[PDB]
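J.: this one's a deposited entry, sequence included:
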Amino acid sequence: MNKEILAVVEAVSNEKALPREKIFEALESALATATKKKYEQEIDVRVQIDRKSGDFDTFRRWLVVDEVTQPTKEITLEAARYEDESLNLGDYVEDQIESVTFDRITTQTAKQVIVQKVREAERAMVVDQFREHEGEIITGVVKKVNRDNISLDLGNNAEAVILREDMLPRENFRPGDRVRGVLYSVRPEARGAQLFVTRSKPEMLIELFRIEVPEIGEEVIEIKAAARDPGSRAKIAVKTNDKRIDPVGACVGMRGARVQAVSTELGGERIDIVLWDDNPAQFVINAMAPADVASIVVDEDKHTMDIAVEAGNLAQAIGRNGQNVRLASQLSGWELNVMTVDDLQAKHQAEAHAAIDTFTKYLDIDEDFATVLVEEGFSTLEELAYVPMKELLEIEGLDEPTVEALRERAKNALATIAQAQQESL
Amino acid sequence: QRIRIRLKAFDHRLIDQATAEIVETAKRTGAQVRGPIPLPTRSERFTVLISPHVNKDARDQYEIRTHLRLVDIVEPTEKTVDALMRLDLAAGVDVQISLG
Amino acid sequence: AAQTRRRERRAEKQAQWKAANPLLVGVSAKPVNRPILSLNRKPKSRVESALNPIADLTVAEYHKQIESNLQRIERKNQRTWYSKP
Amino acid sequence: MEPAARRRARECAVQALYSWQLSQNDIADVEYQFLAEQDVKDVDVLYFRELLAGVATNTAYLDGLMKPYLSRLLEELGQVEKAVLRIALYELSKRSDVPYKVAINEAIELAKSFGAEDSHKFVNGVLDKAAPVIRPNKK
Amino acid sequence: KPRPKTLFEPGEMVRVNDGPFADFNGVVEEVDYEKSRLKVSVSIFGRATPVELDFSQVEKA
RNA sequence: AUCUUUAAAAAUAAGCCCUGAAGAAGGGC
């Protein structure tokens, strides 16, 4: 019996120019799993299937390693040298298991293991398109609008889809028009092939610059980071390979115009063309535009920075509803804090007396120590008291003894108090 | 048969790039290329003050010159027309096409 | 734009907090920055295998064959064999 | 010293040379397609065919002529200026017949009105350093 | 009145259903009865593209 | 119609109030 499953399964197959060499492995893992349950210890088997005569011969499989972990599984290599010397370490020695029929019932685990393999092969060629066009700009004709998502037609009945948060916030749709997108990061989601097309993710703006600017197709200029707000404002960072080329002047055009055309493609999208620097600090100074940066103290180990702005352009440095500080806190890679020059002055006066008070937690003899703290800081216990050459040759006299006193109290203080409070069990 | 293609532009890199794209497309889709030829750079002007009172700024009134080309093609197939249909032409360039 | 004026109306209630908490200032939280640099560029090899003229016309749609072959077999035994198990 | 039909013939020549530079076909094919579409018929066609054959059959020589300039500039053209510079390097390396400052000047006044954005200070910076080229006499 | 009548694409008003510019439209600004062509202005990419099309290739507004 | 010296900068938009120091967080009309 069945006797028809092979005819109908050579009827389904050869649909992507490979008839038998996926269903070889499907019958391998299909029939190899069936004898796992009837003999209840550890029995791994492999079959050799032939399509011509219909008879199938299964073969006994034993694992060849050096020691016996769980019994009877291991041929224990020196016995594998006797039956066939061509068999080596890594493959299994063939022994015959007596079974020749088409099969007894089950005969059905075959049927939907076939239904499984055609679906994951479908998934494989859907992934093959997901390699061929990620990421391109392609566009399609609207078919259906199911009140949260929408349906496209990209040509040859290639149906796509667009989410809610994946749009510009106020879009209108008519069944028939075409919208462009980059595509995307793959979910299946169910058994099928769906394609979420984006217009609010940054890669839409980026690939619009790629078609718009031809120097990206010439590798003259080089774009680094992109921060957006899908209907209000964007900041995108460019550099150039040759120092004579101006990437900003290449990205604006005449008269507007590239940021004007890509802007009118995405509504009221403001585009800030900004230069990328190798310096982490100066790229933020470029990125706060159109602010006038007074001074920035860059704080390491947390990716944080502090920004002060003089006068008048405070709400333009932060932006309306924090948009300049948010998009600027999205472009670079370091967290930003925008304050005044007087809040920066009170910040330094706060951190100085704060370091003084956290050093009043230590032993803290008379006021000359705090004078050293105001003059030469070196806060947070001198960064484990490791500074070179008498704090780079400061003069109060006191060459050897007093610096050994402050390094002795420093190392003993951080040792005792840091092991007392900072070190956990 | 023609399609005839005439293109207008403000920047020369986009129209040289774009005509290279169209000629490369017509060469790949199995058809023959007629042209392309250039035409003289027609100058124009249009006074745009984005600001108040008339000429206290002493700067230019946003003048520009205009480049334009033309290219033809004879005996195409359906692969050519859905090929040029699927092709996403860049913005800022005007396409004055024909067909017949 | 217009509204959010009411927190600038409350700048004195901010000033007593800056008098009480001087080491804290205005802050801005910080999301998904790490893959927006790598997905900003191929730089060019994606529109070299995609190559804006030539490789949407040459390589247009390739799982469109497999999806028509997929459902039509479990459809095909029922529509073909007949309703008359 | 020449009729104006030669001055119109170079104006047709940049258009016929642009078509071979872009279409990448055979030269006899592209002039065989070119000669039936222009309707300003004051063209000295012997110099026209002589120049199209001249830049047609040539070579590793003319990029040797512009090679001391593309050692100074990045190797990026400038397509109408590629046409005007290649025809200028052919007529400055073939034409002992016609004079030498005419075909520079009407092709730089032609190249300013027909080429890219500025395109005349560029070529005026080219052909002065291209005057000490292999032709030694400055006749 | 759920208010739809489309049958309509970004041009104003026709229906093209052949060749490249199918499911698009425009106006025949210059009618050629002798040549049997209709110069229809397709609004692709936010831009008019006046293309000459046949009577059977379009549907008249 | 026989010399004119190495290519050009853009946003003018998001309604009204309460809690909160918030341009962190949420509510109302």
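T.: Sure, I can see it. Numbering: from 1, shown residues only, chains lettered A, B, ... in the order given.

J.: what number of residues lie near residue A:75?
T.: By other C-beta atoms under 10 Å in any protein chain shown, the residues close to residue A:75 number 19. Yep, even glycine has a C-beta here, placed from its N, CA and C like the rest.

J.: pretty sure it sits against residue A:93.
T.: Yes: taking C-beta atoms under 8 Å as the definition, residue A:75 is a contact partner of residue A:93 at 6.1 Å.

J.: shared neighbours, the two?
T.: With contacts defined as C-beta atoms under 8 Å, 6 or more residues apart in numbering or on different chains, the residues shared by residue A:75 and residue A:93 are A:62, A:64.

J.: what about residue A:43, distance to chain C?
T.: 33 Å (C-beta to the nearest C-beta, to the nearest Å).

J.: so that residue touches residue A:34, yeah?
T.: No: with contact defined as C-beta under 8 Å, residue A:43 and residue A:34 do not form a contacting pair (10.9 Å).

J.: so these two - more neighbours on which side?
T.: Between residue A:43 and residue A:34, counted using other C-beta under 10 Å, residue A:43 has the larger neighbour count: 16 against 13.

J.: ok so the more buried one is a helix residue?
T.: No: going by DSSP: H, G, I helix; E, B strand; the rest coil, the assignment for residue A:43 is coil, not a helix.

J.: count of residues packed around the residue nearest to it when sequence neighbours are not counted?
T.: Here the nearest residue to residue A:43 in space, its sequence neighbours aside, is residue A:35; by C-beta to C-beta, 6 or more residues apart in numbering or on different chains that works out to 6.2 Å. Counted with other C-beta under 10 Å, residues neighbouring residue A:35 total 15.

J.: does residue A:35 belong to a helix, a strand or coil?
T.: Under three-state DSSP, residue A:35 comes out as helix.

J.: what about the residue of chain D found nearest chain A, how many residues nearby?
T.: The nearest approach of chain D to chain A comes at residue D:74, 7.4 Å away (C-beta to the nearest C-beta). Residues near residue D:74, counting by other C-beta under 10 Å, number 11.

J.: helix, strand or coil for it?
T.: Taken by three-state DSSP, the conformation at residue D:74 corresponds to coil.

J.: next, the closest residue to RNA strand F within the stretch 251-400 of chain A: phi, psi?
T.: Residue nearest to RNA strand F within the stretch 251-400 of chain A: residue A:322 (2.0 Å; C-beta to the nearest atom of the strand). Dihedral angles of residue A:322 (phi, psi; degrees, to the nearest 10) stand at phi 70, psi 30.

J.: how about the lengthiest strand in chain B: buried residues?
T.: What stands out as the longest strand in chain B, according to DSSP state E, is strand B:64-74. For strand B:64-74, a neighbour-count test (16 or more other C-beta atoms under 10 Å in any protein chain shown) marks B:67, B:68, B:69, B:70, B:71, B:72, B:73 as buried.

J.: got a list of what the first one touches?
T.: In this case it means residue B:67. B:8, B:9, B:10, B:11, B:12, B:15, B:38, B:41, D:116.

J.: so which elements touch the helix or strand residue A:8 falls within?
T.: Element membership for residue A:8, per DSSP states H and E: helix A:5-12. Packing partners of helix A:5-12 (3 or more C-beta pairs under 8 Å, 6 or more residues apart in numbering or on different chains; DSSP states H and E): helix A:109-132, helix C:64-74.

J.: in TSV: those, plus distance to residue A:186 and mean neighbour count.
T.: Below are these laid out as TSV (distance: least, C-beta to C-beta, whole Å; neighbours: other C-beta atoms under 10 Å in any protein chain shown):
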stretch	distance to residue A:186	mean neighbour count
helix A:109-132	5	16
helix C:64-74	16	16
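
J.: could you look up the SS state of whichever residue of chain D sits closest to chain C?
T.: Closest to chain C within chain D is residue D:22: 13.4 Å, counting by C-beta to the nearest C-beta. Three-state assignment for residue D:22 (three-state DSSP): helix.

J.: okay, now the nearest residue to the residue of the stretch 251-400 of chain A closest to RNA strand F once chain neighbours are set aside: neighbour count?
T.: Nearest non-adjacent residue to residue A:322, counting by C-beta to C-beta, 6+ apart: residue C:28, 6.4 Å away. When neighbours are counted by other C-beta under 10 Å, residue C:28 registers 17.

J.: how near is residue C:28 to chain D?
T.: Note on residue C:28: its distance to chain D, by C-beta to the nearest C-beta, is 42 Å.

J.: quick one: the strands in the chain?
T.: Assuming you mean chain A. With strands called from DSSP E, chain A shows them at A:45-48, A:57-60, A:95-96, A:138-141, A:145-146, A:149-151, A:161-162, A:178-181, A:221-229, A:233-240, A:270-275, A:293-299, A:304-309, A:338-339.

J.: the intended chain is chain E.
T.: Under DSSP E, chain E gives strands at E:28-32, E:37-44, E:47-53.

J.: the second one near chain B at all?
T.: Yes: for a cut-off given as C-beta under 8 Å from any C-beta of the partner chain, strand E:37-44 has contacts with chain B, namely residue E:37.

J.: just the CA trace of that strand, in PDB.
T.: C-alpha atoms of strand E:37-44 as PDB (Å, rounded to 0.1, in the frame of the first residue of the first chain):
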ATOM      1  CA  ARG E  37      -2.600  58.700 -30.300                       C
ATOM      2  CA  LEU E  38      -3.500  60.400 -27.000                       C
ATOM      3  CA  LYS E  39      -0.800  62.300 -25.200                       C
ATOM      4  CA  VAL E  40      -1.600  61.400 -21.600                       C
ATOM      5  CA  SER E  41       0.300  63.000 -18.700                       C
ATOM      6  CA  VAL E  42       1.100  60.400 -16.100                       C
ATOM      7  CA  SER E  43       1.800  61.800 -12.600                       C
ATOM      8  CA  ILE E  44       4.600  59.400 -11.500                       C
END
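
J.: run the chain-centre distance for that strand.
T.: Offset of strand E:37-44 from its chain centre (C-alpha atoms, centre = their mean, to the nearest Å): 5 Å.

J.: need the residues that contact it.
T.: So strand E:37-44 is contacted by B:100, E:10-11, E:14, E:16, E:21, E:24-32, E:48-55, E:58 (C-beta under 8 Å, 6+ apart).

J.: circling back: please save the CA atoms from the longest strand of chain B in PDB.
T.: The C-alpha coordinates for strand B:64-74 follow below in PDB (Å, rounded to 0.1, in the frame of the first residue of the first chain):
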ATOM      1  CA  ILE B  64      20.300  79.100 -12.600                       C
ATOM      2  CA  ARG B  65      21.100  77.500 -16.000                       C
ATOM      3  CA  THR B  66      19.300  74.400 -17.300                       C
ATOM      4  CA  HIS B  67      20.700  71.300 -19.000                       C
ATOM      5  CA  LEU B  68      18.700  68.900 -21.200                       C
ATOM      6  CA  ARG B  69      19.200  65.900 -23.400                       C
ATOM      7  CA  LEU B  70      17.300  63.500 -25.800                       C
ATOM      8  CA  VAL B  71      17.500  59.800 -26.700                       C
ATOM      9  CA  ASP B  72      15.500  57.500 -28.900                       C
ATOM     10  CA  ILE B  73      14.900  53.800 -29.300                       C
ATOM     11  CA  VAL B  74      13.400  51.600 -32.100                       C
END
